[PDB]
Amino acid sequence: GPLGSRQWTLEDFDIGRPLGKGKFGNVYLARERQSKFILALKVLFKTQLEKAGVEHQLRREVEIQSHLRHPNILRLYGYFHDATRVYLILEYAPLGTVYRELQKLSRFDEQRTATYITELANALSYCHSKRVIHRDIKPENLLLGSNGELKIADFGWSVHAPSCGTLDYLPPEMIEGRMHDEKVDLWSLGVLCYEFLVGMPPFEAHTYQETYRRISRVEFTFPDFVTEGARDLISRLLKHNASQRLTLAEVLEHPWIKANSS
């Protein structure tokens, strides 16, 4: 492909409409001028990265992504900069974010949910084998390909094991500033499964302090419609003791996953 070749500049691209907004910058549709290749560009600001102390994290993300190749991980082809801005050259996800899909549908059926969980678990299995922990799994970081396949994105917070918004997706060991490993992604997977079926994550609250309290205690309940198989998978992922959480192999072979995934 044309985005694997070169020292990229902004003048190499036609810029299109905004695809999304982020805390650290906007994402735009783009077209590479020579090849006419359609892609996305995320535009970040130097001052903003400097002040937050995250420039090395961005370098690490680009480096991590230079190695990862999986159909359920969104490609990051490389980056360039000008005087004031840094630009990430990204694979375009034509069907948008899972975050937006959930807003539109309110909740997902068991089939769509199990299918997304399967694809996520495959992507994460691959990351963990290449010892990469994602650490930032949530619906805004999950995008959809031409055929509706899930693609994980944003390795800006990723680390090699062991080692911005709400607390909703973070496990007890992370919110308490403790040592943590690959099992953090397993907790976030449980949170996602719940959110997909219910329409909101299990520790959601009006305050950071209440979300913190409920995560620490693993204090949550299921609405009446959540089936016993889904309850089982979620309860075996949302364990305070990280070592007790299901492995990804065990998720992919879970009876509820097997029955409902396409």
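Rigid core (definition): largest C-alpha set, two forms, superposition within 1.5 Å. One-based numbering along the sequence shown.
- Between stretches 205-213 and 220-228, greater average Cα displacement in 7 other deposited structures of this protein relative to the shown form, fitted by the core, falls on 205-213.
- Core superposition of the other structures onto this form places the C-alphas of 57-65 farther off in 7 other deposited structures of this protein than those of the other stretch among 233-241 and 57-65.
- When the other compared entries with both flanking residues are checked, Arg112 is modelled in all of them, not unmodelled in a third.
- Among the other PDB entries of this protein that were compared and that flank it with modelled residues, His160 is left unmodelled in a third or more.
- The stretch of deposited sequence separating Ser163 from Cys164 contains 4 to 9 residues lacking coordinates in this entry.
- The mean C-alpha temperature factor is higher for 6-14 when 6-14 and 250-258 are set side by side.
- In this entry, 226-234 has the higher mean Cα B-factor, the comparison being between 190-198 and 226-234.
- Annotation for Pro71, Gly177, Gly148, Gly96: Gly177 ranks highest, by Cα B-factor.
- Highest C-alpha temperature factor among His81, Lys138, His134, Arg112, as the PDB entry reports it: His81.
- In the PDB entry, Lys42 places in the middle third of its chain by CA B-factor.
- Split the chain's modelled residues into thirds by C-alpha temperature factor. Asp181 is in the highest one.
- For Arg217, the recorded CA temperature factor ranks within the lowest third of the chain's modelled residues.
- Sort the chain's modelled residues by C-alpha temperature factor and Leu124 lands in the lowest third, per the entry.
- Sorting the modelled residues of the chain by their CA temperature factor places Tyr169 in the lowest third.
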